[PDB]
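> sequence? don't have it. structure:
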(Lines give C-alpha, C1' and ligand atoms only; values in the text may rest on other atoms or scores of the structure.)
Protein backbone atom coordinates (compact mmCIF):
# COMPACT_ATOMS: atom_id res chain seq x y z
CA UNK A 1 0.00 0.00 0.00
CA UNK A 2 2.15 2.90 -1.42
CA UNK A 3 3.35 4.76 -4.55
CA UNK A 4 5.21 2.22 -6.76
CA UNK A 5 5.79 4.67 -9.66
CA UNK A 6 4.82 8.27 -10.61
CA UNK A 7 3.48 7.63 -14.17
CA UNK A 8 3.79 10.15 -17.09
CA UNK A 9 1.18 12.81 -18.04
CA UNK A 10 0.60 15.36 -20.95
CA UNK A 11 -0.91 17.81 -18.37
CA UNK A 12 1.51 19.15 -15.67
CA UNK A 13 -1.53 20.03 -13.43
CA UNK A 14 -2.87 16.49 -12.76
CA UNK A 15 -0.49 13.49 -12.83
CA UNK A 16 -1.30 9.76 -12.57
CA UNK A 17 0.31 7.63 -9.80
CA UNK A 18 0.62 3.80 -9.91
CA UNK A 19 -0.24 2.21 -6.51
CA UNK A 20 0.87 -1.24 -5.25
CA UNK A 21 -2.83 -2.21 -5.23
CA UNK A 22 -4.10 -3.26 -8.72
CA UNK A 23 -6.72 -5.32 -10.68
CA UNK A 24 -10.55 -5.53 -10.17
CA UNK A 25 -10.95 -1.92 -8.94
CA UNK A 26 -10.39 0.07 -5.71
CA UNK A 27 -12.49 3.17 -4.71
CA UNK A 28 -13.27 5.03 -8.00
CA UNK A 29 -13.80 8.53 -6.49
CA UNK A 30 -12.70 12.16 -6.97
CA UNK A 31 -11.44 13.25 -3.51
CA UNK A 32 -12.33 16.98 -3.62
CA UNK A 33 -15.34 17.74 -1.30
CA UNK A 34 -13.34 16.85 1.88
CA UNK A 35 -14.20 13.58 3.76
CA UNK A 36 -14.72 11.59 0.50
CA UNK A 37 -14.61 8.33 2.64
CA UNK A 38 -10.75 8.78 2.71
CA UNK A 39 -8.49 8.96 5.91
CA UNK A 40 -7.63 12.37 7.53
CA UNK A 41 -4.10 11.96 6.03
CA UNK A 42 -5.62 12.22 2.47
CA UNK A 43 -7.79 15.18 3.73
CA UNK A 44 -4.59 16.95 4.85
CA UNK A 45 -3.28 16.67 1.24
CA UNK A 46 -6.59 18.30 0.02
CA UNK A 47 -5.98 21.14 2.58
CA UNK A 48 -2.31 21.58 1.40
CA UNK A 49 -2.04 24.97 -0.40
CA UNK A 50 -1.09 23.52 -3.79
CA UNK A 51 -3.47 20.53 -4.28
CA UNK A 52 -6.79 21.06 -6.14
CA UNK A 53 -8.07 17.45 -5.79
CA UNK A 54 -7.06 13.74 -5.80
CA UNK A 55 -8.91 11.51 -8.34
CA UNK A 56 -8.72 7.69 -7.86
CA UNK A 57 -9.69 5.00 -10.43
CA UNK A 58 -9.16 1.17 -10.37
CA UNK A 59 -5.43 1.09 -9.36
CA UNK A 60 -3.97 4.49 -10.33
CA UNK A 61 -4.51 7.89 -8.68
CA UNK A 62 -4.61 11.25 -10.62
CA UNK A 63 -3.68 14.09 -8.18
CA UNK A 64 -4.71 17.51 -9.62
CA UNK A 65 -2.72 20.57 -8.35
CA UNK A 66 -3.38 24.34 -8.78
CA UNK A 67 -2.16 26.23 -11.93
CA UNK A 68 0.77 28.15 -10.25
CA UNK A 69 1.49 25.43 -7.60
CA UNK A 70 4.76 23.41 -7.98
CA UNK A 71 5.10 19.61 -7.36
CA UNK A 72 8.59 20.62 -6.04
CA UNK A 73 6.71 21.63 -2.80
CA UNK A 74 3.29 19.86 -3.33
CA UNK A 75 4.39 16.22 -4.22
CA UNK A 76 6.43 15.77 -0.86
CA UNK A 77 3.01 16.38 0.90
CA UNK A 78 1.09 13.87 -1.32
CA UNK A 79 3.79 11.13 -1.20
CA UNK A 80 4.25 11.62 2.62
CA UNK A 81 1.00 9.64 3.31
CA UNK A 82 1.79 6.64 1.03
CA UNK A 83 5.45 6.78 2.19
CA UNK A 84 5.54 6.86 6.03
CA UNK A 85 6.24 4.38 8.85
CA UNK A 86 2.93 2.43 8.75
CA UNK A 87 1.98 1.00 12.20
CA UNK A 88 -1.40 0.76 14.01
CA UNK A 89 -2.15 3.21 16.90
CA UNK A 90 -4.58 2.27 19.74
CA UNK A 91 -2.60 1.45 22.95
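Received, thanks. Residues are numbered from 1 along each chain as shown.
> Give the closest residue to residue 62 in space, chain neighbours not counted.
Leaving aside its sequence neighbours, residue 62 sits nearest to residue 55 (Cβ to Cβ, 6 or more residues apart in numbering; 4.0 Å). Where C-beta positions appear, they are placed from N, C-alpha and C, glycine not excepted.
> do the same with residue 57
Nearest one to residue 57, counting by Cβ to Cβ, 6+ apart, is residue 28 at 5.0 Å.
> Look up phi and psi at that neighbour.
Per-residue torsions, residue 28: phi -90, psi 80 (degrees, to the nearest 10).
> From what I see, it and residue 59 are in contact.
No - using Cβ atoms under 8 Å, residue 28 is not in contact with residue 59; the gap is 10.4 Å.
> So those two - more neighbours on which side?
residue 59 (17 against 9; other Cβ atoms under 10 Å).
> what's the longest helix along the chain packed up against?
Secondary structure of the chain per DSSP state H: the longest helix is helix 71-82. Applying 3 or more Cβ pairs under 8 Å, 6 or more residues apart in numbering; DSSP states H and E, one finds that helix 71-82 makes contact with strand 3-6, strand 14-19, helix 40-47, strand 51-57, strand 60-65.
> what's the most buried one of these?
Ranked by mean neighbour count, the helices and strands packed on helix 71-82 are led by strand 60-65 with a mean of 20 (mean count of other Cβ atoms under 10 Å).
> Endpoint to endpoint, stretch 45-53 covers what distance?
Stretch 45-53 has its terminal residues 9 Å apart, counting by Cα to Cα, to the nearest Å.
> quick one: contacts of it?
Stretch 45-53 is contacted from outside by 13-14, 30-32, 34, 54, 63-66, 69-70, 73-74, 77-78, 81, using Cβ atoms under 8 Å, 6 or more residues apart in numbering.
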